[PDB]
Amino acid sequence: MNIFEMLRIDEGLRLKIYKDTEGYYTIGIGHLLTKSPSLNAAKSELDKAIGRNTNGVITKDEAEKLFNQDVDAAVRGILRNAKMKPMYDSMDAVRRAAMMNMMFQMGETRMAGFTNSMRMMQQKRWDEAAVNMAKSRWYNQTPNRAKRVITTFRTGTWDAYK
Ligand SMILES: [Cl-]
């Protein structure tokens, strides 16, 4: 298992533009197009993303290409954050995948809301950090997914995924 397989499981694969749990236009493997409530805006974003005129439908290879870009983007962002970088560098590979999962799904800003949790892990306060992470909008909105990610971060294993 790896970050790719992990997110593929959590994010699923859609080849046509759809509105997510929050109502925002998305496509492929969890690729947020826009927060605009306007579908054509969303189509415009999609064409820009893929580099051709698509009318809301892409191929799986296109989808995977956007996903790799998105995964890269996520790590790049953790590594560029002054506070996250050392946190990530200090983690083992499974736990680093957990963090990548979180970044990818919610973005930098929201991710910063979890700093207390992260310090708690730095300090080997693993269960405490886990219970703490469940106290959040994230968990409240997509509990099964968050539970998997939390378990992953807490244990360093891929148990929640097999
Ligand atoms: Cl893009």
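Just one of the numbered conditions (1) within 24 Å of residue 21 (Cβ to Cβ); (2) over 13 Å from the mean Cα position of the chain (by Cα); (3) of a type in the set (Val, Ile, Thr) is not true of residue 142: (2).
Exactly one residue out of 134, 112, 98, 74 is small (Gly, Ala, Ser), closer than 15 Å to residue 1 by Cβ and under 18 Å from the mean Cα position of the chain (by Cα): that is 98. Selection of region 121-162 for residues being surrounded by 13 or more Cβ atoms within 10 Å (Cβ to Cβ), of a type in the set (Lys, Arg) and in a loop (DSSP other than H, G, I, E, B) yields only 125.
The numbers here are math on the coordinates, done by the rules we state, and not lab data. With ideal geometry, Cβ positions are generated from the backbone for all residues, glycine too; neighbour counts draw on all protein chains shown.
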